[PDB]
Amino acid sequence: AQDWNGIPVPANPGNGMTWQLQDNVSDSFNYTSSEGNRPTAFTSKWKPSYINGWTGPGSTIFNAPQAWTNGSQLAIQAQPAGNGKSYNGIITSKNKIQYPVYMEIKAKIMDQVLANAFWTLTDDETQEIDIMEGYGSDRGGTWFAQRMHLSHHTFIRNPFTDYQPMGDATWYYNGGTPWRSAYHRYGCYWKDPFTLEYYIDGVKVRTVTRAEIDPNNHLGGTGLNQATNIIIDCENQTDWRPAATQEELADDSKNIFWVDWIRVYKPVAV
């Protein structure tokens, strides 16, 4: 039994193909775990830290105790750190994925000004896909509470230059309903280095084609081709957002990004 059994994959696997689950990056999180008490069902697939020693952007402090599971769901939690900062949960995959691949979570974002995201990043930190990035609280602006960011980045490193698409379709609106108010399925078909498709609740909402992938050639013509790491996290992005208050961070009814499951598939021959 897995939590998603019976729910179709919304993308087409191709002529004479079928979708096959990638076991080592899929999980129903149907076990109890925490710092000092992590079973093989978790540790064989996930680590409660970033892909390297960085502690995160702005007023973020990535911290292992803030990722845990409750018998049915993954909790990505925030806590007060004092002096204007937070402690922040994060998990990353121990195994990589690569196109062609369909990847999807079922999740409910926090009622906080903090970012909550499901994304990929390569070891060299040059290629990033943002399957979803949400900001749940009305205190950050109702405009943001009511929209889901769907994006990707290409970077030059050392020295640093960032590219992401900036079109209005990168922020998806659901009739005014805040994203904090329910669980949704957030999915992406990374079909090839120049093609991304985004799906919410099984419905295709956005396609990214070649001209929007890397128009400045930060990647030297490869597109989004490299094998990469999966990340699920929360962040206090004070480089551009208002800081979370310490009281908001202490409120255990508002400070958890809940993930019921993650599933990943690849197309294979029948």
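A residue's number is simply how far along the shown sequence it sits, counting from 1.
- When the mean C-alpha temperature factors of 256 to 264 and 18 to 26 are read from the deposited coordinates, 18 to 26 comes out higher.
- Comparing 50 to 58 with 230 to 238, the higher mean C-alpha B-factor in the PDB entry belongs to 50 to 58.
- By the numbers in the PDB entry, the CA B factor is greatest at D162 among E104, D162, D130, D192.
- Across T245, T32, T207, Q66, the entry's maximum B-factor at the CA atom is seen for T32.
- In this PDB entry, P100 carries a Cα temperature factor that places it within the middle third of its chain's modelled residues.
- Annotation for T142: C-alpha temperature factor in the middle third relative to the rest of the modelled chain, per the entry.
- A81: CA B factor lies in the middle third for its chain, per the PDB record.
- Split the chain's modelled residues into thirds by C-alpha temperature factor. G71 is in the middle one.
- In the deposited entry, the Cα temperature factor of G175 places it in the highest third of its chain's modelled residues.
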